Each structure stands twice: as structure tokens, then as C-alpha cells.
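J.: Take this structure first; my questions come after.
Derivation of every value follows stated rules applied to the coordinates shown; laboratory data play no part. Cβ: placed from backbone, ideal geometry, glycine included. Neighbour counts: every protein chain shown.
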Amino acid sequence: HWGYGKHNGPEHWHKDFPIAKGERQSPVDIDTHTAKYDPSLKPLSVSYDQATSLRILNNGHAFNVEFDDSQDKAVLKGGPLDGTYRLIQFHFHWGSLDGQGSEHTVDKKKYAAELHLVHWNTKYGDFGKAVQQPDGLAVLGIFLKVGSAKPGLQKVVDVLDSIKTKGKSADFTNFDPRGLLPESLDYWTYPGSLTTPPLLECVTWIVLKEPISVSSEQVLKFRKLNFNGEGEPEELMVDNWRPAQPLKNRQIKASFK
Ligand SMILES: O=C(O)c1ccccc1[S@@](=O)Cc1ccccc1
Ligand SMILES: [Zn+2]
């Protein structure tokens, strides 16, 4: 099915998922001069102290760190959000080279990777129902640049050898996602979509302005994963990012001056 190759990549997705050419697709380029500070935005609250991670899975597209969302533990609220959004999983998008990898861009600048912490609106009961709603999801996006190592990312890096191929998973309990955040919570926000099929238009995007630094050795290990399953020809999991989509009738708001 879909992927990131010449034959099944982003340019082909619209044939099975027509919403790929929709009115609120993600990612987008964030033009900093056009984004406007919004006084109506409330303070952003990232409450991950009670987070309960469970497993890490190579799904043939990226790797997902999954959480127990059966209760209000790790939640995101405030900012542009109405209500409480529960963390369900996080994953990354990255490149084959440090000059590319992120999905959102900032004044056309591409970062080496991008972290997505996916949350669903608790008013909808479960993730499946939330993805049938225009305000069903909130994704916290964080850029990664190559420089100093990110200590809080090392546990993820070290388990990747165990889930090299599509379909493999490993226990991944007691992981603290607080260790993946930058110091500042300044952000840009706009209404968009999931960046992977089915590309559903249910996401309030909150993209942090401050990138986190990770080491070249850390990202190099992301690039050793495989898109293929065990026993199949090796196709390195790199460049699993969708490029910027038309902004159309949308405005990007900034939480800062
Ligand atoms: O799929 C991609 O994203 C992809 C990206 C770049 C080059 C090739 C591919 S697919 O041919 C690899 C693949 C996937 C699943 C099972 C076996 C093989
Ligand atoms: Zn993503």
C-alpha cells in the first residue's frame, strides 16, 4: 500500500485518499512574517507527569511509542484547545541526510526530523470517534536539529535494534515523554490533518518554535530502521516525511510576540 517511495509516495496518495487534495491538509510551510500573534490564545498546558508508555512498534512507515490512554494521565490542554486531549502515541519523521526530514518547515527551512505527539479529544470517548470530528485531535509537533545529544531520547534510540523491521514491537514501559520537550513552549497553531494516510482533517496543530537538539549518532540510528518486514529486501526507513501542502484558506497563529 502507501509509503514514501517513488511508486507509492506522497504524489500517489490522493488516488486512494482523495482528501490528500483537501482544504486543510498538513504539513504546511510556516511563514513567520505572515503568522500573527494571537492574544486570545490561553496558556498551553502539557501535563505528562503521569504518562504510561507501553510499547514501541515499527509499523512499516515510522515507529510509534504507544501509551495507555484508558484514563486522563498524559494530557494536553489550553492554548488553542477547548477541553482535554489525551496522549495516545508519538512518532517521528526524518530524512536520509540532516538537511531534510521535517514535515512542517519554517520560512521554508527543513529540519533534520520532526516529533509528533498525538492526542485525542476526550469529549469523543475514543480515538476512533475522535477522528470523525473536526476538533478530534491535537498534535504537538517538535523540530529536531543535529547538534548535542538529547538525553531523554536515548532510551528510544537504544531499543530500535529490537524493532528493525515492519511488524516488530517491543515492550517500552516507563518512558517519560517530558524528556523530549524543548525549554520553551512558544508555538504556532493552525487547523490541519494527519500527515499520513488516511490524512484525516481532524487536527489542531501546535508546532513548537524551539527545536530540540539531538546528536548525529542518535538520528543515524533512526536511519538504520527498515520499511520492509523481516526476510524481505532491505529498504532503509529514511525520508518518511510528506512535504508542505497548500495553506489554502488558513491562518497560522503565534502564541508569542
Ligand atoms: O514503502 C516505502 O515507504 C518505500 C520507500 C522508499 C523505497 C521503497 C519503499 S517500498 O518499496 C518498501 C517496502 C515497504 C513494505 C514492505 C516491503 C518493502
Ligand atoms: Zn507524524
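J.: Efficiency by 1/(1 + (r/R0)^6): what FRET value for residue 215 and residue 184, r their Cβ-Cβ distance, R0 = 22 Å, to the nearest 0.05?
T.: 0.60
J.: How large is Rg over Rh for the chain, taking Rg from the Cα atoms and Rh as the Kirkwood inverse mean of 1/r across Cα pairs?
T.: Rounded to two decimals, Rg over Rh is 0.93.
J.: For the pairs 110/150; 129/168; 108/150; 73/109; 15/110, note any where the Cα-Cα span goes beyond 23 Å. Present the calculation step by step, with values, prior to reporting the outcome.
T.: On the way: 110/150 19 Å; 129/168 27 Å; 108/150 25 Å; 73/109 35 Å; 15/110 27 Å.
In this structure, 129/168; 108/150; 73/109; 15/110 exceed 23 Å between Cα atoms.
J.: Summing +1 for each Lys or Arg and -1 for each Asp or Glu, what net charge is found among the other residues whose Cβ lies under 13 Å from the Cβ of residue 229? Show your work: numbers first, answer last.
T.: On the way: positive: 164, 166, 168; negative: 230, 232, 234, 235.
Summing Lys/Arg as +1 and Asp/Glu as -1 gives -1.
J.: Next question. Got a sec? Which residues in the stretch 68-83 would a label at residue 38 touch, if it sits 7 Å along Cα→Cβ and we count backbone N under 14 Å?
T.: 78-83
J.: Right, here's the next one. Tell me, what are the semi-axes, in whole angstrom and largest first, of the equivalent ellipsoid of the stretch 141-183 as set by the roots of 5 times the Cα gyration tensor eigenvalues?
T.: Largest first, the stretch 141-183 gives 22, 13, 10 Å.
J.: Could you compute the net charge surrounding residue 246? Neighbours are other residues with a C-beta less than 11 Å from the C-beta of residue 246; K and R count +1, D and E count -1.
T.: +2
J.: Here's another thing I want to ask about it. Mind ordering 74-83, 167-176 by average Cβ neighbours within 10 Å, highest first?
T.: Output ranking for 74-83, 167-176: 74-83, 167-176.
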